[PDB]
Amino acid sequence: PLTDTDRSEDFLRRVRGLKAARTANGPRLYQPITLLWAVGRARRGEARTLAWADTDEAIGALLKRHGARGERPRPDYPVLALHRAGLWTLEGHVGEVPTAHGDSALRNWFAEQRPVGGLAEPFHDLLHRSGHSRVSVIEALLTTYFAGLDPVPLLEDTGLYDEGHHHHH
């Protein structure tokens, strides 16, 4: 039947289908940092959704510490991309949600709308109860986004080190 394994391969295919903006030597880290943050919060049974102010500040902090490809603290980018992929719910806003195309209008949209948000339930609940799904998604994110980067400090800020650190010695 439909298992957490299949739910996990579904999530992973959806995560792999994301298209992050790319730098000269790799992908920008907005989306994996946002995903990894939600991964940790799901792992701990934290509240799925958060007001925008807390989300802005939590993801902003992770972007400033661990934005190793020149990321500026602008969670509005990854949240809109994740929302566009169906991976991130936003509520409390009026009208449709913009794409992550542009700059100041996106920042302003969150300032005015202040949407209630978080990673979508099927994946939140899945990540809360399945260590398998968490490990699998962390390793897909670290492989794709953190080649040539030290992921450990961001694994510690998300509470995922023991699931993101594979042993190789």
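Residue numbers here begin at 1 and follow the sequence given.
Asks: Between 99-107 and 137-145, name whichever shows the higher mean Cα B factor according to the PDB entry.
Replies: It is 99-107 that shows the higher mean C-alpha B-factor.
Asks: Would you mind comparing 90-98 and 77-85 for me and telling me which has the higher average C-alpha temperature factor in the entry?
Replies: On average, C-alpha B-factors are higher across 90-98.
Asks: Report the option among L29, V116, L36, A42 whose CA atom has the maximum B-factor in the deposited record.
Replies: In the PDB entry, the greatest C-alpha B-factor among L29, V116, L36, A42 is found at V116.
Asks: Rank-wise, by C-alpha B-factor, drop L63 into the lowest, middle or highest third of its chain.
Replies: Middle third - that is where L63 ends up once the chain's C-alpha B-factors are sorted.
Asks: Could you say whether, by C-alpha temperature factor, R14 belongs to the lowest, middle or highest third of its chain?
Replies: According to the entry, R14 has a C-alpha B-factor in the chain's lowest third.
Asks: Quick check on the deposited entry: does the C-alpha B-factor of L154 sit in the lowest, middle or highest third of its chain?
Replies: Tercile = lowest for this residue's CA B-factor.
Asks: Just say lowest, middle or highest third for the CA B-factor of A20 relative to the other modelled residues in its chain.
Replies: Middle third - that is where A20 ends up once the chain's C-alpha B-factors are sorted.
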